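Take a look at the structure set out below.
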Amino acid sequence: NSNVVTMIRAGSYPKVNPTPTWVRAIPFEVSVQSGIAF
Amino acid sequence: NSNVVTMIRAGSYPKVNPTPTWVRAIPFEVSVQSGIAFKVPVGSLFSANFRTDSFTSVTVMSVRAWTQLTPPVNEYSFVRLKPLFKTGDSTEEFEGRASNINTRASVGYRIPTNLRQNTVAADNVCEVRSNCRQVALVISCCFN
Amino acid sequence: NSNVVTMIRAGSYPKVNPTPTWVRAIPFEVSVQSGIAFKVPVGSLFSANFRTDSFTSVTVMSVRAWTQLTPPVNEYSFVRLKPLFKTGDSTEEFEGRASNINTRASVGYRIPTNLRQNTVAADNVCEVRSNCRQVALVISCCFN
Amino acid sequence: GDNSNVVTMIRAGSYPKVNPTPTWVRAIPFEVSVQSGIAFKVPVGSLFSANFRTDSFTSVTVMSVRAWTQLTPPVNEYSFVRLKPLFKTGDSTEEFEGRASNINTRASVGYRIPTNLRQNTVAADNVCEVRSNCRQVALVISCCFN
Amino acid sequence: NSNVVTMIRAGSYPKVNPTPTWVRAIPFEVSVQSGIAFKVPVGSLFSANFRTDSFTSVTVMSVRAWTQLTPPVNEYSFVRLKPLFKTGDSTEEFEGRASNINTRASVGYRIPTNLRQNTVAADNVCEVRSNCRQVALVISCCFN
Amino acid sequence: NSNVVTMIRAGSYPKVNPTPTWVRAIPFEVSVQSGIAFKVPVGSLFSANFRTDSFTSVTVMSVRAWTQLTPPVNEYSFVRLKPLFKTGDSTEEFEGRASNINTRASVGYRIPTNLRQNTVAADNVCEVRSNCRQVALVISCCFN
Amino acid sequence: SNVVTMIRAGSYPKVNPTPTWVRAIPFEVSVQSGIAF
Amino acid sequence: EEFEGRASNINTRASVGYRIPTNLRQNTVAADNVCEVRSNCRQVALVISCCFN
Amino acid sequence: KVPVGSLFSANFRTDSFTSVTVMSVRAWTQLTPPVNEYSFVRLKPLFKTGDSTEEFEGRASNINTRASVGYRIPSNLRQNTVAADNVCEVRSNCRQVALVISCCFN
Amino acid sequence: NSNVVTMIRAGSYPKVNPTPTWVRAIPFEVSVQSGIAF
RNA sequence: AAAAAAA
RNA sequence: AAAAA
RNA sequence: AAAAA
RNA sequence: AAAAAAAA
RNA sequence: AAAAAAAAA
RNA sequence: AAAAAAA
RNA sequence: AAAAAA
RNA sequence: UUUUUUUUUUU
RNA sequence: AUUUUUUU
RNA sequence: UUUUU
RNA sequence: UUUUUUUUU
RNA sequence: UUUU
RNA sequence: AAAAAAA
RNA sequence: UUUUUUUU
RNA sequence: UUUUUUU
Ligand SMILES: [Cl-]
Ligand SMILES: [Mg+2]
């Protein structure tokens with residue numbers, strides 16, 4: 001909504017985490033043989 | 001109201017900015033020729049005449065135009081505008097004419113939010129076409 | 001909203017002003033000696049570092065002060081502000097002291113409407129007294 | 001509170017802001033000597049005196065001026081008093097006049113200064129001009145010492 | 001209101017007083033020795049530095065004190081106040097301590113209405129005990 | 001009320017007590033050694049410095065502790081409190097630490113009503129452990 | 001929540017490594033005839 | 001994950017914590033490890049809300 | 001000049017990205033200031049369509065405490081930035097500055 | 001009510017006073033003679 | 001907002 | 001149940 | 001829905 | 001606001 | 001502002 | 001709420 | 001909330 | 001405790 | 001209520 | 001308030 | 001209602 | 001309107 | 001009266 | 001309901 | 001006036 005950069009009145013240093021978690025669902029394929037469970 | 005100086009119970013040192021932004025409406029003029037289009041430089045916005053010689057970039061929001069001189073004999077004043085963008089120039093020729101020969105012609109255009117980026121002095125904002133020899137421009141912009 | 005440029009049905013040429021006013025909060029520092037009162041010049045407000053080198057006068061509204069450096073050993077920071085006016089200086093000493101030796105001492109004062117006249121660079125805003133060797137000031141004013 | 005009969009502890013916090021020489025809104029009564037047919041310029045320095053607890057100030061913002069005739073008028077005449085406000089940016093030409101309807105009664109008049117014209121004045125400056133057929137005029141001035 | 005002067009229809013001469021009262025908050029510092037109680041003189045309130053050199057008597061309402069200098073090594077600041085009266089000195093030691101060594105220690109006591117009488121320069125307000133070499137006091141009083 | 005003395009229509013002689021009880025908060029400091037617990041004696045409450053030298057027994061309701069001096073280098077202050085009773089000593093270690101090296105470490109415990117019996121000067125209140133060498137105490141108790 | 005979350009901890013809180021604990025203790029005792037234990 | 005907390009004052013402690021979801025709230029014996037701790041301070045205080053059984 | 005290539009790293013699980021849309025930048029002084037001074041930190045937003053001249057400054061009211069400041073990039077200026085680009089300029093009396101940048105990797 | 005001790009989350013060192021005031025009703029006797037005030 | 005007045 | 005998306 | 005204390 | 005899994 | 005202390009006279 | 005202040 | 005009293 | 005005219009933002 | 005006509 | 005459709 | 005202790009905005 |  | 005708030 | 005947000 | 005975990 002604003003057209004220019006605006007200042008952010010920041011305070012104390014927050015709690016951080018450079019390696020967070022992630023909720024995903026992974027699409028990938030596997031090779032299956034007849035009459036055999038992979 | 002108070003008629004003398006009043007103490008202010010100040011607290012911690014705040015956040016400051018000696019060089020802030022400035023929303024302005026910058027007026028100037030440009031000389032235009034007949035049948036030829038004039039690319040308006042963004043560098044005209046940065047001058048001491050507008051208190052803007054300290055800025056290097058600006059976010060243009062809307063442009064308006066007026067014919068500054070009288071048109072040729074027997075003609076009515078007109079003025080066209082074609083927006084220019086570094087990612088891609090437009091082919092719109094927003095045009096407004098005068099219904100009185102003694103009266104200016106006026107036309108403008110508004111820049112959408114998605115197309116509101118910064119522009120430096122080496123960039124151009126729009127092209128101007130008119131039958132008058134000078135065009136008055138007012139540009140609403142956000143200096144940063 | 002919009003995703004493209006749209007035409008502005010502009011009318012007659014408006015009323016323009018290339019060099020408008022500017023209500024600002026100007027931060028800067030001043031060196032102060034122990035036991036000596038330092039007069040803060042209005043000329044420090046006019047600078048390219050504040051985008052105000054195009055102004056020659058300003059209407060000051062309120063002044064706040066903070067101690068920029070550490071106080072002497074065993075001492076807590078303090079700062080005093082004596083307002084100054086061309087029609088007559090004041091004898092107030094708006095003082096603020098820090099309750100922690102590691103923290104700044106802050107104080108300020110507000111100028112009443114009846115005393116909000118223009119001030120040129122040659123004038124002075126207030127005197128500052130402090131045990132620290134530098135003082136930070138934020139001045140809410142109206143450049144014109 | 002207001003019912004205690006001994007001293008009570010105050011849980012004070014951080015050291016506050018302070019000002020050992022604050023402002024003061026006052027009404028200052030004093031008198032001036034006036035001659036017949038001549039106008040006397042009331043000095044602002046008459047406000048900075050130890051008799052008013054204001055000898056520590058060096059400037060003041062005047063708000064309103066009220067004048068009364070302090071001495072009896074000439075014989076067969078009624079008391080009158082005039083006031084012409086004075087300003088460093090430009091003196092005025094008004095003559096706010098009040099006459100007594102009884103020879104034994106004072107003559108009073110006054111004028112209020114607008115907010116736009118309420119700046120500071122020093123001892124070298126003047127407030128207004130006083131004219132009267134009486135020889136002495138008592139003045140009461142509302143102002144803000146700073 | 002107006003932009004000009006307006007006549008005041010004054011009446012009879014009013015009741016005047018060239019030397020009125022004054023309710024003040026007086027800030028002044030004292031020197032305290034280690035383990036020795038310092039009697040704060042009332043005369044410290046009558047001074048030209050407070051505009052009060054025209055008063056001779058004052059009614060004290062509340063006395064609060066702050067440590068003005070740092071405490072000894074390894075120690076937290078503290079300050080005590082024993083109220084004194086001409087009709088009978090007290091034995092209370094209203095003590096306040098600092099939870100941070102870099103922070104002041106503060107405490108105060110209020111004087112009840114039944115004990116709010118005048119005091120002259122020869123009188124003492126209270127005793128002060130502290131581990132710091134100076135104490136800042138802000139005495140709320142009524143000058144008359 | 002009024003400004004003069006008034007008559008009291010007193011009746012029969014009332015039930016009187018020249019030596020009544022007194023609930024207080026008694027501030028007193030103790031010396032602690034490194035890595036060694038110190039038993040707080042109840043006789044520290046009975047003192048002419050607390051106006052309680054006329055009492056011989058007291059019912060303690062709660063204990064609160066603060067570190068009175070600075071901690072060892074590189075450490076934050078801590079203080080523990082182990083309640084003691086004549087019917088049976090406790091093994092709780094109500095411990096409070098400081099998040100700032102310059103700030104006091106505080107902790108306290110409350111005694112339930114069923115454990116609020118009298119204690120004489122020969123008894124002990126609690127044990128105090130701390131890396132600091134002095135610990136301030138503020139005990140809320142009932143002198144009887 | 002099926003994953004670890006971050007707790008924005010503040011100052012160090014009051015701690016007690018040896019609390020009180022309220023219990024109902026079951027045990028048995030040997031009793032003789034006519035004698036109180 | 002490396003849930004980190006920093007102190008905004010040199011004299012003040014830095015703090016951070018993490019909550020274990022109910023699905024990952026199994027038992028752990030003495031030979032197990034709760035977490036790893038990194039810091040520029042030579043000692044860290046731990047407060048672990050746990051259910052002994 | 002803070003490079004954008006500092007956002008793409010395996011330490012942030014972001015070594016698989018090549019561009020990012022920065023939304024807001026916040027800064028904290030990571031070390032103590034010089035003697036007798038308080039910490040300060042400045043930020044000047046940079047853009048490939050035109051750098052800005054703002055100097056969003058934040059100073060500390062305590063010599064032991066960090067300084068902090070931040071700015072928000074408006075939606076109209078929220079485009080992508082590659083590693084060779086820069087986010088902003090930092091000025092401080094302290095020799096290290098901690099940055100927490102809210103952005104959208106894509 | 002309770003049956004054991006409870007922890008008090010104390011804070012900063014409060015304002016203390018080892019010698020406070022005391023509102024009392026003091027009962028004592030005096031010796032008075034006939035027709036003379038004491 | 002500024003100029004008679006009114007108990 | 002005007003146009004395009 | 002935008003600015004500058 | 002956020003790609004992914006869901007869902008009258 | 002927990003008790004002790006005059007009473008809404 | 002107390003004091004100083006305008007009709 | 002003074003001093004007297006259906 | 002109640003108005004005629006010189007300009008005059010805003011409902 | 002995104003764009004282009006028509007629209008008091 | 002100040003600067004902008 | 002007041003003097004000191006504890007609670008809670 | 002000035003104070004703590 | 002014991003675990004994570006108490007707004 | 002996982003990561004970033006918005007006037008103490 | 002939020003509530004959830006073994007005596
Ligand atoms: Cl402003
Ligand atoms: Mg701070």
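In the structure tokens, chains take letters A, B, ... by order of appearance, with residues numbered from 1 within each chain and ligands from 1 in the order shown.
Using only C-alpha atoms (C1' of nucleotides), the contacts of residue 7 (chain J) at a cut-off of 12 Å, with sequence neighbours closer than 6 positions omitted, comprise residues 62, 63, 64, 65, 80, 81, 82, 83, 92, 93, 94, 95, 96, 106, 107, 108, 109, 110, 111 and 112 of chain F; 13, 14, 15, 16, 18, 19 and 20 of chain G; 1 and 2 of chain W.
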Using C-alpha atoms (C1' of nucleotides), can you export the residues from the last selection as a PDB file, in the first residue's frame?
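For reference, out.pdb as written:
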```pdb
ATOM      1  CA  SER F  62       7.702 -15.490  55.132  1.00  0.00           C
ATOM      2  CA  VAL F  63      11.359 -15.012  54.249  1.00  0.00           C
ATOM      3  CA  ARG F  64      12.842 -13.036  51.349  1.00  0.00           C
ATOM      4  CA  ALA F  65      16.534 -12.851  50.426  1.00  0.00           C
ATOM      5  CA  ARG F  80      19.276 -20.255  47.991  1.00  0.00           C
ATOM      6  CA  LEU F  81      16.997 -20.658  51.004  1.00  0.00           C
ATOM      7  CA  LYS F  82      16.422 -23.861  52.975  1.00  0.00           C
ATOM      8  CA  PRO F  83      13.600 -23.575  55.546  1.00  0.00           C
ATOM      9  CA  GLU F  92      13.941 -27.413  49.834  1.00  0.00           C
ATOM     10  CA  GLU F  93      16.461 -25.124  48.118  1.00  0.00           C
ATOM     11  CA  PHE F  94      14.393 -22.188  46.866  1.00  0.00           C
ATOM     12  CA  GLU F  95      17.040 -20.692  44.586  1.00  0.00           C
ATOM     13  CA  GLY F  96      16.978 -17.386  42.723  1.00  0.00           C
ATOM     14  CA  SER F 106      16.418 -12.736  44.887  1.00  0.00           C
ATOM     15  CA  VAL F 107      14.256 -15.545  46.217  1.00  0.00           C
ATOM     16  CA  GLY F 108      11.738 -16.085  48.994  1.00  0.00           C
ATOM     17  CA  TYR F 109       9.494 -18.669  50.597  1.00  0.00           C
ATOM     18  CA  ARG F 110       6.223 -18.619  52.533  1.00  0.00           C
ATOM     19  CA  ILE F 111       5.524 -20.576  55.723  1.00  0.00           C
ATOM     20  CA  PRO F 112       2.086 -22.251  55.843  1.00  0.00           C
TER      21      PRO F 112
ATOM     22  CA  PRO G  13      13.294 -18.025  36.589  1.00  0.00           C
ATOM     23  CA  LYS G  14      13.167 -19.046  40.220  1.00  0.00           C
ATOM     24  CA  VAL G  15      14.195 -22.693  40.554  1.00  0.00           C
ATOM     25  CA  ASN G  16      14.015 -25.363  43.256  1.00  0.00           C
ATOM     26  CA  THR G  18      14.243 -30.303  45.702  1.00  0.00           C
ATOM     27  CA  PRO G  19      10.507 -29.564  45.988  1.00  0.00           C
ATOM     28  CA  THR G  20       8.017 -30.796  48.587  1.00  0.00           C
TER      29      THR G  20
ATOM     30  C1'   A W   1      -0.110 -25.771  46.890  1.00  0.00           C
ATOM     31  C1'   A W   2       2.872 -27.681  42.210  1.00  0.00           C
TER      32        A W   2
END
```
Could you pull out the residues sitting within 9 Å of ligand 1, using only C-alpha atoms (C1' of nucleotides) and all ligand atoms, and write them as a PDB file with N, CA, C and O atoms (P, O5', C5', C4', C3', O3' and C1' of nucleotides), in the first residue's frame?
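Contents of the output file part00.pdb:
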```pdb
ATOM      1  N   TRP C  22       8.370  21.897   4.910  1.00  0.00           N
ATOM      2  CA  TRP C  22       8.810  20.560   5.299  1.00  0.00           C
ATOM      3  C   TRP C  22       8.908  20.499   6.817  1.00  0.00           C
ATOM      4  O   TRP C  22       9.829  21.075   7.399  1.00  0.00           O
ATOM      5  N   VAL C  23       7.975  19.795   7.448  1.00  0.00           N
ATOM      6  CA  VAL C  23       8.032  19.567   8.888  1.00  0.00           C
ATOM      7  C   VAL C  23       8.943  18.373   9.145  1.00  0.00           C
ATOM      8  O   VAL C  23       8.692  17.269   8.651  1.00  0.00           O
ATOM      9  N   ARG C  24      10.005  18.591   9.918  1.00  0.00           N
ATOM     10  CA  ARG C  24      11.089  17.628  10.046  1.00  0.00           C
ATOM     11  C   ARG C  24      11.473  17.436  11.505  1.00  0.00           C
ATOM     12  O   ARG C  24      11.152  18.254  12.366  1.00  0.00           O
ATOM     13  N   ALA C  25      12.177  16.338  11.767  1.00  0.00           N
ATOM     14  CA  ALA C  25      12.841  16.102  13.044  1.00  0.00           C
ATOM     15  C   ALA C  25      14.318  15.876  12.750  1.00  0.00           C
ATOM     16  O   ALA C  25      14.695  14.827  12.220  1.00  0.00           O
ATOM     17  N   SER C 140      12.286  18.997  16.375  1.00  0.00           N
ATOM     18  CA  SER C 140      11.095  18.993  15.535  1.00  0.00           C
ATOM     19  C   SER C 140      10.808  20.427  15.116  1.00  0.00           C
ATOM     20  O   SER C 140      10.476  21.271  15.953  1.00  0.00           O
ATOM     21  N   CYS C 141      10.941  20.708  13.824  1.00  0.00           N
ATOM     22  CA  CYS C 141      10.801  22.062  13.313  1.00  0.00           C
ATOM     23  C   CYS C 141      10.050  22.035  11.991  1.00  0.00           C
ATOM     24  O   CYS C 141       9.718  20.973  11.462  1.00  0.00           O
ATOM     25  N   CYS C 142       9.779  23.230  11.467  1.00  0.00           N
ATOM     26  CA  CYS C 142       9.032  23.420  10.224  1.00  0.00           C
ATOM     27  C   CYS C 142       9.861  24.296   9.293  1.00  0.00           C
ATOM     28  O   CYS C 142       9.828  25.525   9.399  1.00  0.00           O
TER      29      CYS C 142
ATOM     30  P     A M   4       7.704   8.773   5.918  1.00  0.00           P
ATOM     31  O5'   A M   4       8.388  10.186   6.188  1.00  0.00           O
ATOM     32  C5'   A M   4       8.712  10.587   7.511  1.00  0.00           C
ATOM     33  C4'   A M   4       8.463  12.057   7.734  1.00  0.00           C
ATOM     34  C3'   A M   4       8.407  12.495   9.188  1.00  0.00           C
ATOM     35  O3'   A M   4       9.679  12.657   9.783  1.00  0.00           O
ATOM     36  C1'   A M   4       6.551  13.378   8.066  1.00  0.00           C
ATOM     37  P     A M   5       9.925  12.135  11.282  1.00  0.00           P
ATOM     38  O5'   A M   5       9.683  13.425  12.187  1.00  0.00           O
ATOM     39  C5'   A M   5       8.379  13.763  12.652  1.00  0.00           C
ATOM     40  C4'   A M   5       8.428  14.444  13.999  1.00  0.00           C
ATOM     41  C3'   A M   5       9.099  13.639  15.109  1.00  0.00           C
ATOM     42  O3'   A M   5       9.749  14.532  16.013  1.00  0.00           O
ATOM     43  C1'   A M   5       6.858  14.077  15.703  1.00  0.00           C
TER      44        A M   5
ATOM     45  P     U T   1      -5.972  18.230   8.974  1.00  0.00           P
ATOM     46  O5'   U T   1      -4.819  19.303   9.199  1.00  0.00           O
ATOM     47  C5'   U T   1      -3.757  19.035  10.097  1.00  0.00           C
ATOM     48  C4'   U T   1      -2.981  20.280  10.430  1.00  0.00           C
ATOM     49  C3'   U T   1      -1.970  20.702   9.371  1.00  0.00           C
ATOM     50  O3'   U T   1      -2.560  21.545   8.392  1.00  0.00           O
ATOM     51  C1'   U T   1      -0.857  20.394  11.417  1.00  0.00           C
ATOM     52  P     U T   2      -1.714  22.607   7.535  1.00  0.00           P
ATOM     53  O5'   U T   2      -0.315  21.904   7.246  1.00  0.00           O
ATOM     54  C5'   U T   2       0.853  22.692   7.067  1.00  0.00           C
ATOM     55  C4'   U T   2       2.036  21.863   6.639  1.00  0.00           C
ATOM     56  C3'   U T   2       1.957  21.261   5.247  1.00  0.00           C
ATOM     57  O3'   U T   2       2.278  22.180   4.222  1.00  0.00           O
ATOM     58  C1'   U T   2       2.618  19.597   6.769  1.00  0.00           C
TER      59        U T   2
END
```
Taking only C-alpha atoms (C1' of nucleotides) into account, what are the residues of chain X at most 12 Å from chain G, put as a PDB file with N, CA and C atoms (P, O5', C5', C4', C3', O3' and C1' of nucleotides), in the first residue's frame?
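Result file follows (selection-v4.pdb):
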```
ATOM      1  P     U X   1      -3.182 -24.178  16.468  1.00  0.00           P
ATOM      2  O5'   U X   1      -2.637 -25.646  16.171  1.00  0.00           O
ATOM      3  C5'   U X   1      -1.265 -25.973  16.345  1.00  0.00           C
ATOM      4  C4'   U X   1      -0.680 -26.575  15.092  1.00  0.00           C
ATOM      5  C3'   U X   1      -0.265 -25.584  14.012  1.00  0.00           C
ATOM      6  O3'   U X   1       1.006 -24.976  14.218  1.00  0.00           O
ATOM      7  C1'   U X   1      -1.601 -27.255  13.037  1.00  0.00           C
ATOM      8  P     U X   2       2.211 -25.752  14.953  1.00  0.00           P
ATOM      9  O5'   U X   2       3.525 -25.050  14.385  1.00  0.00           O
ATOM     10  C5'   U X   2       4.782 -25.714  14.436  1.00  0.00           C
ATOM     11  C4'   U X   2       5.454 -25.766  13.083  1.00  0.00           C
ATOM     12  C3'   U X   2       5.872 -24.428  12.488  1.00  0.00           C
ATOM     13  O3'   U X   2       7.109 -23.965  13.004  1.00  0.00           O
ATOM     14  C1'   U X   2       4.804 -25.755  10.830  1.00  0.00           C
ATOM     15  P     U X   3       7.219 -22.496  13.640  1.00  0.00           P
ATOM     16  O5'   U X   3       8.412 -21.805  12.840  1.00  0.00           O
ATOM     17  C5'   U X   3       8.961 -22.404  11.676  1.00  0.00           C
ATOM     18  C4'   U X   3       9.178 -21.389  10.583  1.00  0.00           C
ATOM     19  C3'   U X   3       9.040 -19.929  10.987  1.00  0.00           C
ATOM     20  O3'   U X   3      10.188 -19.414  11.643  1.00  0.00           O
ATOM     21  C1'   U X   3       7.855 -20.305   8.976  1.00  0.00           C
TER      22        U X   3
END
```
Item checked: Within 12 Å of ligand 2, counting only C-alpha atoms (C1' of nucleotides) and all ligand atoms, residues as a PyMOL selection string -> (chain A and resi 11-12) or (chain B and resi 11-14) or (chain C and resi 98-106) or (chain H and resi 8-9) or (chain I and resi 38-39+59-68)
Notebook entry, point to check: Out of region 17-66 of chain E, which residues get helix (DSSP H, G or I) from DSSP, as a PyMOL selection string?
Noted result: chain E and resi 42-44+48-50
Next item on the list: Would you mind listing what lies within 12 Å of region 1-3 of chain L as a list in words, with only C-alpha atoms (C1' of nucleotides) counted and same-chain residues fewer than 5 positions away left out?
Entry: residues 3, 4, 5 and 6 of chain S
Note to self: Can you tell me which residues surround residue 3 (chain W) at a distance of at most 9 Å, considering only C-alpha atoms (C1' of nucleotides), apart from same-chain residues fewer than 4 positions away, and format the answer as a PyMOL selection string?
What the structure shows: (chain H and resi 49-51) or (chain Y and resi 5)
File dump, residues just selected, N, CA and C atoms (P, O5', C5', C4', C3', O3' and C1' of nucleotides), as a PDB file, in the first residue's frame:
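Written file, out-v8.pdb:
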```
ATOM      1  N   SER H  49      11.580 -29.074  31.670  1.00  0.00           N
ATOM      2  CA  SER H  49      10.268 -29.541  32.103  1.00  0.00           C
ATOM      3  C   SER H  49      10.065 -30.947  31.563  1.00  0.00           C
ATOM      4  N   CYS H  50      10.038 -31.932  32.452  1.00  0.00           N
ATOM      5  CA  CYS H  50       9.951 -33.321  32.033  1.00  0.00           C
ATOM      6  C   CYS H  50       9.056 -34.081  32.997  1.00  0.00           C
ATOM      7  N   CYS H  51       8.671 -35.287  32.583  1.00  0.00           N
ATOM      8  CA  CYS H  51       7.808 -36.173  33.356  1.00  0.00           C
ATOM      9  C   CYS H  51       8.586 -37.435  33.695  1.00  0.00           C
TER      10      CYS H  51
ATOM     11  P     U Y   5      -6.061 -33.227  31.762  1.00  0.00           P
ATOM     12  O5'   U Y   5      -4.627 -33.140  32.455  1.00  0.00           O
ATOM     13  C5'   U Y   5      -3.449 -33.436  31.721  1.00  0.00           C
ATOM     14  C4'   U Y   5      -2.340 -33.958  32.605  1.00  0.00           C
ATOM     15  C3'   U Y   5      -2.752 -34.671  33.884  1.00  0.00           C
ATOM     16  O3'   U Y   5      -3.172 -36.010  33.671  1.00  0.00           O
ATOM     17  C1'   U Y   5      -0.935 -33.202  34.319  1.00  0.00           C
TER      18        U Y   5
END
```
Using backbone DSSP assignments, extract all strand (DSSP E or B) residues from chain C; output them as a CSV table (one decimal) with C-alpha atoms, in the first residue's frame.
```csv
chain,number,residue,atom,x,y,z
C,6,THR,CA,-4.9,4.5,-16.9
C,7,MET,CA,-5.8,8.0,-18.2
C,8,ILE,CA,-6.3,10.9,-15.9
C,22,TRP,CA,8.8,20.6,5.3
C,23,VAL,CA,8.0,19.6,8.9
C,24,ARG,CA,11.1,17.6,10.0
C,25,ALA,CA,12.8,16.1,13.0
C,26,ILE,CA,16.5,16.9,12.6
C,27,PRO,CA,19.2,14.9,14.6
C,28,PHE,CA,22.7,16.1,15.1
C,29,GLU,CA,25.4,16.3,17.8
C,30,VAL,CA,27.2,19.1,19.4
C,31,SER,CA,30.4,19.2,21.5
C,38,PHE,CA,27.1,25.9,24.6
C,39,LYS,CA,24.7,27.8,22.3
C,40,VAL,CA,23.1,25.6,19.7
C,41,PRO,CA,23.1,27.4,16.3
C,57,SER,CA,14.6,30.1,7.8
C,58,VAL,CA,12.8,27.6,10.0
C,59,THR,CA,10.1,27.6,12.7
C,60,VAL,CA,11.3,25.6,15.7
C,61,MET,CA,8.6,23.7,17.7
C,62,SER,CA,10.3,21.5,20.2
C,63,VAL,CA,13.8,20.4,21.1
C,64,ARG,CA,15.0,17.2,22.8
C,65,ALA,CA,18.5,16.3,24.0
C,66,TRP,CA,20.4,13.1,24.9
C,67,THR,CA,23.9,12.6,26.2
C,69,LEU,CA,29.1,10.2,25.4
C,75,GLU,CA,29.1,10.5,37.9
C,78,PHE,CA,22.8,15.0,33.0
C,79,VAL,CA,21.8,17.5,30.4
C,80,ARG,CA,20.2,21.0,30.7
C,81,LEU,CA,18.4,23.1,28.1
C,82,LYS,CA,17.9,26.8,28.4
C,83,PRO,CA,15.6,28.1,25.6
C,94,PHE,CA,15.1,21.9,31.8
C,95,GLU,CA,17.4,19.2,33.2
C,96,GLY,CA,17.2,15.4,32.9
C,97,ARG,CA,19.5,13.0,34.8
C,100,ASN,CA,22.0,4.4,35.4
C,103,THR,CA,22.4,5.1,30.2
C,106,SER,CA,17.3,12.9,28.3
C,107,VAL,CA,15.3,16.1,28.5
C,108,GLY,CA,13.5,18.5,26.2
C,109,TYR,CA,11.1,21.4,25.9
C,110,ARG,CA,8.3,22.6,23.7
C,118,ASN,CA,11.0,32.0,12.0
C,119,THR,CA,14.7,31.6,12.8
C,120,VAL,CA,17.6,32.1,10.5
C,124,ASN,CA,20.5,30.2,18.4
C,125,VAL,CA,18.0,27.6,19.6
C,126,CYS,CA,19.1,26.9,23.2
C,127,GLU,CA,22.0,26.6,25.5
C,128,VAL,CA,23.1,23.1,26.5
C,129,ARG,CA,25.0,22.1,29.7
C,130,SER,CA,26.2,18.6,30.4
C,134,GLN,CA,28.9,15.5,23.4
C,135,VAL,CA,25.1,15.9,23.3
C,136,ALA,CA,22.7,14.5,20.7
C,137,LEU,CA,19.8,16.7,19.7
C,138,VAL,CA,16.5,16.1,17.9
C,139,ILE,CA,14.7,19.2,16.8
C,140,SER,CA,11.1,19.0,15.5
C,141,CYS,CA,10.8,22.1,13.3
C,142,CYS,CA,9.0,23.4,10.2
C,143,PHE,CA,11.4,24.4,7.4
```
Can you check which parts of chain J lie within 10 Å of chain O? Per residue, the shortest pair of atoms and distance in Å to one decimal, counting only C-alpha atoms (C1' of nucleotides), sorted by chain and number, as a Markdown table.
```
| residue | atom | partner | partner_atom | distance |
| --- | --- | --- | --- | --- |
| J:22 | CA | O:4 | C1' | 8.2 |
| J:23 | CA | O:5 | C1' | 5.9 |
| J:24 | CA | O:5 | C1' | 5.4 |
| J:25 | CA | O:5 | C1' | 6.2 |
| J:26 | CA | O:5 | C1' | 9.9 |
```
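For the pair CA of residue 89 (chain E) and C1' of residue 4 (chain U), the interatomic distance is 19.6 Å.
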Check: So how many Å separate CA of residue 40 (chain D) and CA of residue 128 (chain D), to one decimal?
Finding: 8.2 Å
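What separates CA of residue 48 (chain E) from CA of residue 16 (chain D) is a distance of 21.9 Å.
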Next item on the list: Find the residues of chain J in contact range of chain F, meaning any atom within 6 Å when counting only C-alpha atoms, and list them as number ranges by chain.
Entry: J: 2-8, 10, 18-19
Next item on the list: Identify, on the basis of only C-alpha atoms (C1' of nucleotides), every residue whose closest approach to residue 7 (chain H) does not exceed 12 Å; exclude the query and any residue fewer than 2 positions from it along the same chain; express the result as JSON, numbers by chain.
Entry: {"A": [11, 12, 13, 14, 15, 16], "F": [99, 100], "G": [9, 10, 11], "H": [4, 5, 9, 10, 11, 12, 13, 14, 15, 16, 39, 40, 41], "I": [28, 29, 30, 31, 64, 65, 66]}
Note to self: What's around residue 5 (chain W) at 12 Å? Count only C-alpha atoms (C1' of nucleotides), leave out sequence neighbours fewer than 5 positions away in its own chain, and write the answer as a PyMOL selection string.
What the structure shows: chain Y and resi 2-4
